[PDB]
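**Q**
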Amino acid sequence: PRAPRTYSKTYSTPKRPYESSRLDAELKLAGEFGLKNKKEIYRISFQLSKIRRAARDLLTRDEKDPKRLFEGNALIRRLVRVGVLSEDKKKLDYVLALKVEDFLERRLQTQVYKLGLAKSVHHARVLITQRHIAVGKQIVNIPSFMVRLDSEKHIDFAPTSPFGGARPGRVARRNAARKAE
Amino acid sequence: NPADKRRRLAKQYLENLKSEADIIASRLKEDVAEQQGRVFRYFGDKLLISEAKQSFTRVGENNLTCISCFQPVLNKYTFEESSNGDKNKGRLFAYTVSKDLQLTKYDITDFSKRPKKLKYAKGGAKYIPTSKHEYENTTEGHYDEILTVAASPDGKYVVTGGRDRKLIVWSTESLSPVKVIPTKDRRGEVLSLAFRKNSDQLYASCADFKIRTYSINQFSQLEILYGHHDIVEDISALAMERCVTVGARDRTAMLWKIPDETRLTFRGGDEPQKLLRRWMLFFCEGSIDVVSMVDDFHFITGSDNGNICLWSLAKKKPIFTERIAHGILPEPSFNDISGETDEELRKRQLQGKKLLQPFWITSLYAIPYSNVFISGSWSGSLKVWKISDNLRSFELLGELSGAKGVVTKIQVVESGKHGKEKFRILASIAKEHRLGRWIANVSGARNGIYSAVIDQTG
Amino acid sequence: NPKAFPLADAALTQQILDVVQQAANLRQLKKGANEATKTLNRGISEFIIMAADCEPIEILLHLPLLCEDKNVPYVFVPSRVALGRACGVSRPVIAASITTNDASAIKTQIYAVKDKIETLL
Amino acid sequence: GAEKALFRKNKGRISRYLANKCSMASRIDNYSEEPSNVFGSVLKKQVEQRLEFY
Amino acid sequence: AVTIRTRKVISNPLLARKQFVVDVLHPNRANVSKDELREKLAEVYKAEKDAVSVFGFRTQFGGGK
RNA sequence: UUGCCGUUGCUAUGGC
Ligand SMILES: [Mg+2]
């Protein structure tokens, strides 16, 4: 038979989901970032935990270790590229200082909100899911899309979108047709 | 069999070269070199700038805003001149616009003699549209500032537009308006015009951040191009449809492949901090203010930091730069910087050389497929530059100090045999910059057409 | 020490003039010394721009007196002809003002430039 | 100074024009350690050319 | 308008042909059928239509190419 | 050679 295709879980349930302080924390995160459910928060937390555990393991290694240098440098480059880690903080210690909010801001939903294309984070979500937002020349419909520094300046209304210069959507032309008739 | 016909045309063409005289072989490559989009007119070294016969001809109209020159050309494909009629055989014409809403044509056939006026047409308040609607802005004459002029390569029409959001095409012989094409935009003011070489296609750059393509023979609009984030101030065209434009403060030069409907991005991205470090005054570019195509695969631009940049289609960044080409402006006068009686107090306000700023490249024109181009400012002299053989750098060939004022637009015209060619440079001179009147009145600046005939010897 | 102070450098002036042109397109720019004075009186000015080559310089020194009284950042550019150019007006401008608007489409770069101007001060 | 007519249809234009010139004139004097009269002279001359025009 | 760009061109005289990847920009259009692509490629490379084969065409998410 | 006003020759350039 054909060789297996690997798969993995992108989120993990917390050690104690029932902490009241925690519950308030996810309430904050969902409310401010307009997240649909808790699974999104758990996913981001799992990714962050993997990153910081790798950083800790790298720190345990002695300085100038070739593995340390190579892998730490790669991790810092990736974190800088996605934009969570600022340029002036290129050391493994500050990686351990990252927070869930940093990743959350880089989500295409939040970036769309900040750029002024949407009046609410929920408005940003509905705009994205309705194929109105394009990074560069390509249309992205996924709120969880993570924006890179270079990609940030290229977010715009899609060419095919009615807001982006295309013809009016179905409702608009339907109303115009009935009005003319 | 049409191949026999080509052979006959080639045979007659070959006989011409024998009259023109290795030499035959080289000249054969040169004539078709227009087809291959590469520079093939290497005459910079043999040029004689110092002996140029300079002349300044005064003109009544104020702020001459642009000039367009028409030159008949022998076409190798059919071996016939481009003159519109038998009367116009080898007659050179120049058209000019001003902020006085007046069109004027001049005969520039006689290099030794100054431009001679033939006919003119003037606009005014009579031509204001009553309707107030964009699509009814179809009056015969102009009513607002005329900014640009272009002559059709066929010698049959001359087309002008300006801040009236209108483009009027006129008959060359009588300067009679034959068609009016509104831009149909609230802010669609025409800023530059360029005729495709040896074609009737016209490219118009408008203030509404768009480029509009027209067909003069059909008197109709064709397409609109989008992609600039700021006004499209200048446009240049060659035989091929790869017209180039500069978007002013968007600081991006753009090449448009019309049939491919794609557009190549070009940005300077130079920073003083690295320039000073590599040196271990430099003014950071704010806006690109002129563009002209030296080649199908190369073009040059001027900025508002006095930087002349050479470009190639392959590379996104500039390949060679000439910073502060026209020099730095005079320092502000100490008697006027401050009202302090004490002179030393006034000198402190000059703040050393920090307040000093560079000249702007108001004009920049390159002879097609050649190794020489001309730049202009209100420094009071026209500078002639020569590009290297490898097309990787250029050097200052010389200067012409006759011009005094803002050089709104530079044109070059050639005459004589292929071996012996005399180049006559015509530059419109004004007292204020074409797009507006920011510039402080330059001492001595006059409204006129500057002329300089240069002989070619070696 | 010089009356025009602080004076932006070649790099810094470009971003400032960049915001100026964007503000002019969006009707968020007030052009001329007289207008800038009015904005400072109303407390609707985000920050004020002046040209260091004003001839004479004194006729705009009243804005600095107003500015830090109202705790408004300000900065000088070397050129007025350049400042007028970016303003979109066919004449030189010695001073201009960026009107406050937290709903503006160009908010982010306005605060970015403002942060640098505060650092320069 | 519009209560005592210090600055005083065509007449009204001069008053507004003169008021502006007085304003910058005050600015030069106030923010000048040792004010001079060089600018005031030309500024008044500028008013004179504006005066004769109307 | 529709534009056809050929990339990664290889000349295989073993099989007596030319291989390439065809990228088709088709703004404001659903897609280009294999017939039009064949006739345009035949014109571009100056060959008989029957000598041009095209397949495996996928439009990216969002359309346009 | 200029819309106007001068100078300079028998042509060339100063100011608005
Ligand atoms: Mg759709």
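Residue numbers (the UniProt record's numbering), protein chains in the order written: chain H, 2 to 182; chain P, 58 to 78, 115 to 373, 395 to 572; chain L, 5 to 125; chain E, 337 to 344, 370 to 415; chain F, 4 to 68.
The beta carbon of each residue, even a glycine, is placed where N, CA and C say it ideally should be.
#1: So residue 395 (chain P) is in the beta strand (DSSP E); what residue range does that whole segment cover?
#2: Could you name the residues of chain P that residue 6 (chain F) contacts, counting a contact when the two beta carbons are closer than 7 Å?
#3: Along chain H, in chain order, which residues have C-beta atoms closer than 9 Å to that of residue 106 (chain F)?
#4: Thinking C-beta only, is residue 293 (chain P) closer than 9 Å to residue 309 (chain P)?
#5: Quick one, which of L:39, L:73 and L:92 has its alpha-carbon nearest residue 99 (chain L)'s?
#6: Alpha carbon to alpha carbon, how far is residue 383 (chain P) from residue 538 (chain P)?
#7: Is residue 174 (chain H) near ligand 1, judged by its Cβ being under 8 Å from some heavy atom?
#8: Can you pull every residue whose C-beta falls closer than 6 Å to some heavy atom of ligand 2, listed in chain order?
#9: Mark residue 500 (chain P) as exposed unless 16 or more other C-beta atoms lie within 10 angstroms of its C-beta, in which case mark it buried.
#10: Check residue 385 (chain E) in the structure and name its three-state DSSP category.
#11: Quick one: does residue 23 (chain H) have its CB under 9 Å from some CB of chain F?
#12: With H, G and I counted as helix, E and B as strand and the rest as coil, what does DSSP make of residue 241 (chain P)?
#13: Examine chain F for any beta-carbon lying closer than 9 Å to the beta-carbon of residue 174 (chain H), and answer yes or no.
#14: Is it the case that the Cβ atoms of residue 153 (chain P) and residue 561 (chain P) are separated by a distance below 9 Å?
#15: Mind listing, in chain order, the continuous beta strand (DSSP E) runs of no fewer than 3 residues lying wholly within the UniProt repeat "WD 2" (278-317) of chain P?
#16: Let me make sure I understand the geometry here. Which of P:221, P:549 and P:241 has the alpha-carbon closest to that of residue 329 (chain P)?
#17: Who are the near neighbours of residue 218 (chain P) in its chain, counting only those whose CB is closer than 7 Å to its CB and skipping five residues on each side?
#18: From residue 278 (chain P) to residue 323 (chain P), what does the alpha carbon distance come to, in whole angstroms?
#19: Please list the residues of the stretch 447-473 of chain P that have a C-beta atom closer than 7 Å to any C-beta atom in chain L, keeping them in chain order.
#20: My output table needs one value for residue 14 (chain H): the three-state DSSP class, helix, strand or coil.
#21: Kindly provide the ranges of any alpha helix (DSSP H) runs that are 4 or more residues long and lie completely inside the stretch 47-84 of chain L, ordered along the chain.
#22: Would residue 21 (chain L) pass as a contact of residue 86 (chain L) if the rule is Cβ separation under 9 Å?
#23: Would you list the one or two residues that DSSP bridges to residue 203 (chain H)?
#24: Quick one: any contact between the stretch 472-482 of chain P and the stretch 401-409 of chain P, if contact means 3 or more CB pairs under 8 Å?
#25: May I ask you to report which of helix, strand or coil DSSP gives residue 547 (chain P)?
#26: Taking the alpha-carbon positions, what's the residue 250 (chain P) to residue 184 (chain P) distance?
#27: Would you mind telling me which residues of chain L sit closer than 9 Å to residue 117 (chain H), beta carbon to beta carbon, in chain order?
#28: Run through chain P and tell me which residues come within less than 7 Å of residue 397 (chain E), C-beta to C-beta.
#29: Over what stretch of residues does the beta strand (DSSP E) that includes residue 70 (chain H) continue unbroken?
#30: How about the stretch 157-169 of chain P and the stretch 177-196 of chain P: do they share at least three Cβ pairs that are nearer than 8 Å?
#31: Rounded to whole angstroms, how far is the Cβ of residue 443 (chain P) from the Cβ of residue 472 (chain P), which I believe are closer than 8 Å?
#32: Is the Cβ of residue 360 (chain P) closer than 9 Å to any Cβ of chain L?
#33: Comparing the C-beta of residue 16 (chain F) with each C-beta of chain H, is any distance below 9 Å?
#34: Pairing CB atoms from the stretch 189-197 of chain P with CB atoms from the stretch 278-291 of chain P, are three or more of them under 8 Å?
#35: Put residue 168 (chain P) into one of helix, strand or coil per three-state DSSP.
**A** So, from the data block:
#1: From DSSP, residue 395 (chain P) is part of no beta strand (DSSP E); its letter is neither H nor E.
#2: 353 and 354
#3: Outside the shown range of chain F, which is 4 to 68, sits residue 106 (chain F), and nothing can be said about it.
#4: yes
#5: L:39
#6: Gap note for chain P: numbering proceeds from 373 to 395 with nothing in between, so residue 383 (chain P) has no coordinates.
#7: no
#8: Among the ligands in the structure shown, ligand 2 does not appear; only ligand 1 can be found there.
#9: buried
#10: helix
#11: no
#12: strand
#13: no
#14: yes
#15: 283-288, 294-299 and 303-308
#16: P:241
#17: 236
#18: 15 Å
#19: 450, 451, 452, 453, 462, 463, 465, 468, 469 and 471
#20: coil
#21: 66-73
#22: yes
#23: The question about residue 203 (chain H) has no answer, for chain H in this structure spans 2 to 182.
#24: yes
#25: coil
#26: 15 Å
#27: 107, 108, 109, 110, 111 and 112
#28: 453, 454 and 455
#29: Taken as a continuous stretch (DSSP letters only), residue 70 (chain H) belongs to no beta strand (DSSP E), being part of the alpha helix (DSSP H) at 67-83.
#30: yes
#31: 7 Å
#32: no
#33: no
#34: no
#35: strand
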